[PDB]
């Protein structure tokens, strides 16, 4: 009857909705540190670029809707500072008044996500130095752009967010530099596929600095330069996007098990090792279909799936989480960048014997107008030929190909079985053999 959920976004409220729909008697309390529930963090770079009208558009469901329509006791400005798992009590501090409130639970869900990491650099706190995670973060970036005169923007780190924001700043007419860490080389894309990204950045005059370490941010009250071990470069706005940390700090003192980075370990049913305590989303570990290990790939698709499953399992409607594939997709300038399953760094790390096939092809029939190049790479087990992963890069039809690859991986297909699938074809959409199938044929 008493369900408590910590975190009022994707994982937390996906759970809440399951509970509310499948238990009419349920008393659901949700505890959110901020003032905004159920919003799309994914849309933030597109609000900042002006492509979306306002952050208001990103809100999927109101706290007022959660309260009035669904009868969920949704709290705002409630930061949980500790949980007593023996007494089954959650302790929340109001972020403004600092008053402490107790919430007893029969079942608890931790859905606190991750936070972006700001390393302890001199200049950390300078005006115009930004992280991007929340709606307030986006507004503050917009406020820097609106007041302060911004010509040069430096992005620290890459990955999805760094790349998307490099585009956003280019589209806002800025001169964009990216400074890239060595610790993230090959983590998403293999070297040969990443070449297409460097080429596209160069093409749009996004300066990318490799093997260069941030030393400090310089300026008065506002930032005006980035200092590295190799130089000092003008910057009127710095976005730091170098890594994330699970928001699980507050659970020190409980016996709740955590991986090395602090992500909460969950079994098939979203349960921690502590009785009646569940976790879901970016704050939790993610069973990997191919790795067969509990990984951490904090993404919004997985968070909704895990959150929905946490709610269901909290209701004893037993259903197992099938896993992540490490699927990810990025819009970067004119390119679409997609990956799923294992890349070479991942395969090597697991000591899985693998081979690769790469094809430079097109998204559709070469004779059809506006046919575009399509770069597609697959990994497969050298013994069983089990498909292990794929990377697709091009202007069009990249999402289609990665979803097909994802489906293949989910079903544990052999690479050559792809040849046998009746995939769709007409000249404006594909070639008579899909690029995936052409690559499959090249495999041993």
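Positions refer to the first chain, counted from 1.
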Worksheet item: With respect to the recorded C-alpha B factors, which stretch has the higher mean value, 248 to 256 or 218 to 226?
Response: 218 to 226
Item to complete: Determine, for stretches 129 to 137 and 150 to 158, which one has the higher mean CA B-factor as deposited.
Response: 150 to 158
Worksheet item: Between 319, 94, 305, 115, which carries the biggest CA temperature factor in the record?
Response: 94
Response to the item:
Per the deposited B-factor column, the C-alpha that peaks among 291, 107, 296, 143 belongs to 143
Worksheet item: Which third of the chain holds residue 286 when residues are ordered by C-alpha B factor: lowest, middle or highest?
Response: lowest
Fill in: Among modelled residues of the same chain, the CA temperature factor third for residue 354
middle
Worksheet item: Within this chain, which third does the Cα B-factor at residue 56 fall in: lowest, middle or highest?
Response: highest
Response to the item:
Of the three thirds of the chain ranked by Cα temperature factor, residue 121 occupies the highest
Discussion item. Please say which third, lowest, middle or highest, residue 439 falls into when its CA temperature factor is compared across its chain.
Written reply: lowest
